[PDB]
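When a residue number appears, it is its place in the shown sequence, counting from 1.
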Amino acid sequence: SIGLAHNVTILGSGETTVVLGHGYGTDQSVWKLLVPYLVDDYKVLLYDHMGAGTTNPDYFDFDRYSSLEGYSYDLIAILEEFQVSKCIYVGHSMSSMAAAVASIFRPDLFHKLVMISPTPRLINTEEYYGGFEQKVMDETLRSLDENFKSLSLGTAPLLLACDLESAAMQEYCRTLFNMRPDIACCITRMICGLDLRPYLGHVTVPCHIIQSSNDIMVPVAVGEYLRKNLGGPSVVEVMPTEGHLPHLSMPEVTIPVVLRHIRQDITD
């Protein structure tokens with residue numbers, strides 16, 4: 001089953017289901033400090049996206065996972081298999097955006113989206129600043145495959161805003177380097193090529209946008225851009241954190257913020 005292939009795990013109990021979707025380089029274990037605050041109040045579904053190192057490489061379709069939509073459609077199938085609807089979806093970056101796209105097709109499946117460090121696109125244009133320049137990205141990606149480890153290790157301390165020797169960095173690298181290298185490079189290229197801007201005005205489910213104050217992958221202005229372009233109601237909360245994975249690296253600040261957006265609706 002698709003749920004088995006995504007290592008679905010169910011916990012808790014409750015009339016409402018929270019779905020936790022890890023982002024790039026991690027797996028559902030990233031949520032281990034949040035879960036205790038949910039288990040008494042909600043049913044919780046956790047899953048691993050296809051290509052995480054905990055998943056079977058034989059199921060990784062390089063054509064489908066070269067664009068984000070494959071992940072969106074896989075998410076719908078997982079929710080359906082577990083008879084989940086009107087869920088509270090909590091995702092980190094690409095997973096939150098995969099859920100946003102999914103919610104256009106299946107708004108019945110989503111009550112709200114809680115989005116940690118989302119961005120609809122990385123590559124700058126004349127009118128949009130994503131943080132990355134096309135011609136630099138082209139150089140980097142040309143030699144990505146043979147440099148995947150050295151580039152990833154070299155950049156991870158700024159990405160995460162924590163020291164190479166820290167517990168958070170040990171944990172991120174454990175899962176990052178668990179991916180098969182060719183799969184990691186496929187997902188990496190997919191992220192780098194994102195342009196989800198055309199979808200945003202059709203997203204109507206409420207969106208709760210949680211950001212670090214300093215994130216090398218998400219210019220702070222992207223949060224406002226999302227509020228102004230999403231088609232439904234949203235809230236933007238910038239936290240006194242640094243790094244792209246503040247749920248991993250700064251849980252003492254981040255968990256309470258995530259909880260509050262899970263627990264408190266902005267509409268009805």
Side-chain angles (χ1 to χ4, degrees), residues 7 9 11 18-39 44 46-49 51-55 89-99 114-119 122 131-132 140 144 147-181 183-185 187-188 191-192 208-220 222-223 237-262:
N7 305 313
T9 300
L11 61 83
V18 175
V19 174
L20 302 178
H22 71 83
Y24 174 81
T26 63
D27 62 52
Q28 69 189 250
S29 64
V30 78
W31 303 111
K32 66 189 178 179
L33 300 187
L34 177 64
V35 158
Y37 298 94
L38 300 176
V39 66
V44 184
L46 303 91
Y47 72 102
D48 297 340
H49 66 221
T54 50
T55 67
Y89 185 93
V90 183
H92 175 248
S93 203
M94 60 167 283
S95 298
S96 75
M97 298 303 296
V114 179
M115 318 177 78
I116 307 171
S117 314
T119 172
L122 282 63
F132 299 84
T140 307
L144 172 68
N147 289 302
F148 181 76
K149 197 165 213 286
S150 60
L151 175 60
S152 292
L153 279 172
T155 59
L158 292 187
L159 176 68
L160 273 71
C162 61
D163 291 338
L164 188 61
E165 294 302 320
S166 68
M169 186 51 65
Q170 182 183 348
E171 176 52 28
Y172 180 73
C173 290
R174 176 188 69 78
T175 53
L176 182 70
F177 299 132
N178 201 35
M179 287 186 279
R180 203 174 75 185
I183 293 178
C185 290
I187 302 173
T188 298
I191 291 164
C192 288
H208 299 239
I209 297 153
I210 297 170
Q211 300 178 266
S212 287
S213 69
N214 185 331
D215 179 346
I216 70 168
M217 199 165 143
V218 185
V220 66
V222 166
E237 180 153 8
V238 179
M239 302 183 294
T241 61
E242 301 192 312
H244 185 57
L245 292 78
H247 58 309
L248 174 58
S249 65
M250 295 189 68
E252 66 307 301
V253 174
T254 304
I255 286 171
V257 176
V258 171
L259 287 168
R260 184 158 36 71
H261 287 274
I262 292 170

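Counting heavy atoms from C-beta outward, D215 and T241 have side chains that stay 4.5 Å or more apart. Within the 4.5 Å cutoff, the side chain of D48 has heavy atoms near those of the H22 side chain. Counting only heavy atoms from C-beta outward, the side chains of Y24 and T188 approach each other to under 4.5 Å. Within the 4.5 Å cutoff, the side chain of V35 has heavy atoms near those of the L46 side chain. Counting heavy atoms from C-beta on, the side chains of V30 and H92 never come closer than 4.5 Å. Put simply, the side chain of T54 reaches to within 4.5 Å of the side chain of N178, judged on heavy atoms.
Under a 3.5 Å cut-off, the side chain of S213 and the backbone N or O of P240 do not form any donor-acceptor pair. Of the possible donor and acceptor atoms, none in the side chain of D163 sits under 3.5 Å from a partner among the backbone N and O of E165. A donor-acceptor pair is defined here as one N or O able to donate and one able to accept, closer than 3.5 Å; no such pair exists between the side chain of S152 and the backbone of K149. No donor-acceptor pair under 3.5 Å is formed between the side chain of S117 and the backbone N or O of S93.
The aromatic rings of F148 and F177 sit perpendicular, their planes meeting at an angle over 60°, well past the 30° parallel limit. Ring-plane geometry between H208 and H261 is classed as perpendicular, the angle between the planes exceeding 60 degrees on a 0 to 90 degree scale with a lower cut at 30.
A 6.0 Å sphere centred on CZ of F132 holds more than 12 heavy atoms belonging to other residues, nucleotides or ligands.
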Item to complete: In sequence, state the C-alpha distance, the side-chain angles, and the governing distance for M217 and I191, and then conclude on side-chain contact (heavy atoms from CB on, under 4.5 Å).
Response: CA-CA 11 Å; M217 199 165 143; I191 291 164; 3.9 Å; yes

Open item on the list: Test side-chain contact (heavy atoms from CB on, under 4.5 Å) on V238 and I209; report intermediate values, then the result.
Closed with: CA-CA 8 Å; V238 179; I209 297 153; over 6 Å; no

*Tell me, with the steps shown, if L159 and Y172 meet side-chain contact (heavy atoms from CB on, under 4.5 Å).*
CA-CA 11 Å; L159 176 68; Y172 180 73; 3.7 Å; yes

**Item:** Steps toward side-chain contact (heavy atoms from CB on, under 4.5 Å) verdict (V90, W31)
**Value:** CA-CA 10 Å; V90 183; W31 303 111; 4.0 Å; yes

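Taking the salt bridge (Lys or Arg N to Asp or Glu O under 4.0 Å) definition, one finds that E242 meets it with nothing, sequence neighbours left out. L33 meets the side-chain contact (heavy atoms from CB on, under 4.5 Å) test with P251, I255; sequence neighbours excluded.
Applying side-chain contact (heavy atoms from CB on, under 4.5 Å) to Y47 and the options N7, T9, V19 leaves one that passes, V19.
The CG atom of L176 sits 10.0 Å away from atom CE of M169, with the distance rounded to the nearest 0.5 Å. To the nearest 0.5 Å, the span separating CE on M239 from CD1 on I210 amounts to 6.5 Å.
Side-chain contact annotation: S95 with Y89, donor-acceptor N/O pair under 3.5 Å absent.
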